[PDB]
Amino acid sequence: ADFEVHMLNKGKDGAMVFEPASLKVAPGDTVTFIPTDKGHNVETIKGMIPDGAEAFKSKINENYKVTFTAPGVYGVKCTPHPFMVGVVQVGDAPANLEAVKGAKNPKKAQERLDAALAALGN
């Protein structure tokens, strides 16, 4: 299955958001990150992807497709915007939940990550 995540200056969750900010996918599914407004990108957060997964980074304004196979949670961020974060989860019972959940980001970033994890049923 293929999914889309858009990058926005403003959403229900406030300034600088991924929409949706959480997505549960099956191994082999893809997500394309599509900027709706200028000035955004996507990249993995340091230490927040599974064993077996590779880090990634897009250019500002670039449509960027990633295939997710390794099970677990994947924290993503936007380089220029500090609060702009999201989580992609592959499978059930992710093994690296604590890497995201137990992290120490600014309050707004951490609350968005934590809400994403809860939305995903963790």
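Note that residue numbering begins at 1 and tracks the sequence as displayed.
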query	finding
Segment of higher mean CA temperature factor, 15 to 23 or 96 to 104	96 to 104
Mean C-alpha temperature factor, higher of 110 to 118 and 6 to 14	6 to 14
Criterion, highest CA B-factor; candidates, 28, 80, 75, 72	80
For residue 36, the third of its chain into which the C-alpha B factor falls	highest
Third of chain Cα B-factors occupied by residue 62	lowest
